[PDB]
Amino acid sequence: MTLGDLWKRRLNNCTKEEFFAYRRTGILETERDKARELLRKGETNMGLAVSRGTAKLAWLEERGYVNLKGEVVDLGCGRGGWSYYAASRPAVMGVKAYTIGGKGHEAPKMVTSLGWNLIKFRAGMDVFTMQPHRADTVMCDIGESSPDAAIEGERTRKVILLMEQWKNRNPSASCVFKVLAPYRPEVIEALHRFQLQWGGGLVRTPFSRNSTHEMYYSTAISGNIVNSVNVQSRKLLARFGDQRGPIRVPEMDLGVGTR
């Protein structure tokens, strides 16, 4: 059993007041006061981020940890925060974004955020059974939290396998994907296998809540995976009992228009 497995048990052992205080302590949070109401009322002319996902991917790129270029696929696009982010980047030529939609799942938000015309959104699509196609950059932000760590491990394993399938079609593709439960040993095994064939490493973004162990794998970086995970587990355990609140920052505004 791993340090992260213990963290998950400690998390589930929090009382409600402990949990809600722990969840946001010391994390960056975008200010979505305006963006949320614009989306609620159905405004389509807006470039404020359609979700909290945009600033996460932006941070990864600003840090130099991802390469976003060429023909991009967004697997599990949800509202589309990553799709709109990618579409606004000059090195990106097109975005093919796929998400399952349906009951209890986010459908793509339709806005004029810069480069929207270069995105082909397709909802009602299961990416786990969809045959891969050519792409220069493969993104996947899939991984639904579960109180059950074994379920999170299995959901993570399916994402890593999907990425192996997209790399089999596109061996030279840039990859960035969510690893929901990197602390699970079955996930560590799959990541080692991925890293030994494709390179890459794991990083934590500062916008992820403390209630999730999610980390992001990118082929553009390197680093011992076990060490990366254990450093993050300790950080998450050390924040229990922290009284600092979240740190509020402006939300990404990409502007509007076609490219």
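Numbers follow the displayed sequence, beginning with 1. Between two forms, the rigid core is defined as the largest C-alpha subset superposing within 1.5 Å.
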> When the other structures are laid on this one by the rigid core, do the CA atoms of 163 to 171 or of 105 to 113 sit farther away in 9 other deposited structures of this protein?
Replying inline: 105 to 113
> How do 246 to 254 and 12 to 20 compare in 9 other deposited structures of this protein: which one has C-alphas farther from this form after the rigid core is matched?
Replying inline: 12 to 20
> Which of the two stretches, 240 to 248 or 7 to 15, shows the higher mean Cα temperature factor in the record?
Replying inline: 240 to 248
>> If you take the mean CA temperature factor per stretch, which one wins between 77 to 85 and 165 to 173?
In response: 165 to 173
> Based on what the PDB entry reports, which of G94, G153, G102, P147 has the top C-alpha B-factor?
Replying inline: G102
> Among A49, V226, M215, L57, which carries the highest Cα B-factor?
Replying inline: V226
> C-alpha B factor of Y183, ranked within the chain: lowest, middle or highest third?
Replying inline: highest
> By its CA B factor, does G26 count among the lowest, middle or highest third of the modelled residues in the chain?
Replying inline: highest
> Relative to the other modelled residues in the chain, which third contains the C-alpha temperature factor of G200: lowest, middle or highest?
Replying inline: highest
>> Sorting by Cα B-factor within the chain, modelled residues only, which third would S233 end up in: lowest, middle or highest?
In response: highest
> Among the chain's modelled residues, which third holds the C-alpha B-factor of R209?
Replying inline: lowest
